[PDB]
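**Q** Structure incoming, see below.
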Amino acid sequence: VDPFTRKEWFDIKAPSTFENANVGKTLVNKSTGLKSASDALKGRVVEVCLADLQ
RNA sequence: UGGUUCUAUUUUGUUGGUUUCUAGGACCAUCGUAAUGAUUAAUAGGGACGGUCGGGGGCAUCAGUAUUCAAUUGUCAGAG
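So, in C-alpha cells, the structure goes:
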C-alpha cells in the first residue's frame, strides 16, 4: 500500500520568550465525509536541546 | 561515793522464823584516774565530681539513590 503517500507534514514554532521560534517538522495524517485530522494529532510533545533553539 | 539489791558464814543455848550486826555479788548516775580511746589508704575495690570520647542502645524524625511498577512521553525493530 505505502504507509508515506498520505502523510501530511507540519511546522514547529516556539514561544516568540525564546530564540530560533524555529524548531524541525512532524508527521501526522487527512480524513473523510464526516471525521477530522488536525485535532487527531495535536495534543502531543517535542523535546530538541537548549542549543538548535537559544 | 552513797544508795539499791541480792544474800546468807558467822558470833547472841540452840533447832526453826523475824532482824539486826558484817562480808561478798551486781547495777545506773556520780567527784575522780588516764598520752583517755577510731591503722594505712594496697598502681584492690566501689562512688562523686571535671572536660571528654564512641558506627553503645531506644524511641520519633530527616535525607539519598537504585530497583520495580504505572502513568505522562517520544521515536521504531527485534529485545532478553
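The opening residue of the first sequence carries number 21 in my numbering; numbering runs sequentially from there. No residue lacks a Cβ here, since even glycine has one placed at the ideal position from N, Cα and C.
(1) Taking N49 and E28 to be in contact with their CB atoms under 8 Å, please state how far apart those CB atoms are, rounded to whole angstroms.
(2) Quick check on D59: does DSSP put it in helix, strand or coil?
(3) Assuming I32 and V66 make a contact with CB atoms under 8 Å, what is their CB distance in whole Å?
(4) Have a look at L47, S51 and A71 and flag the residue whose alpha-carbon is nearest the alpha-carbon of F24.
(5) Among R26, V21, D22 and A34, which one has its Cα closest to the Cα of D72?
**A** Answer, in terms of the structure:
(1) The sequence position of residue 49 within the first sequence is 29, counting from 1. The sequence position of residue 28 within the first sequence is 8, counting from 1. Confirmed, about 7 Å.
(2) Mapped onto the first sequence, residue 59 falls at position 39. In the structure shown, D59 sits in a helix (DSSP, three-state: H, G or I).
(3) Taking the first sequence and counting its residues from 1, one reaches residue 32 at position 12. Taking the first sequence and counting its residues from 1, one reaches residue 66 at position 46. Going by Cβ atoms, the distance from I32 to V66 rounds to 6 Å, so yes, they are a contact pair.
(4) The count along the first sequence starts at 1 and reaches residue 24 at position 4. Comparing Cα positions, the closest option is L47.
(5) Taking the first sequence and counting its residues from 1, one reaches residue 72 at position 52. Per the Cα distances, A34.
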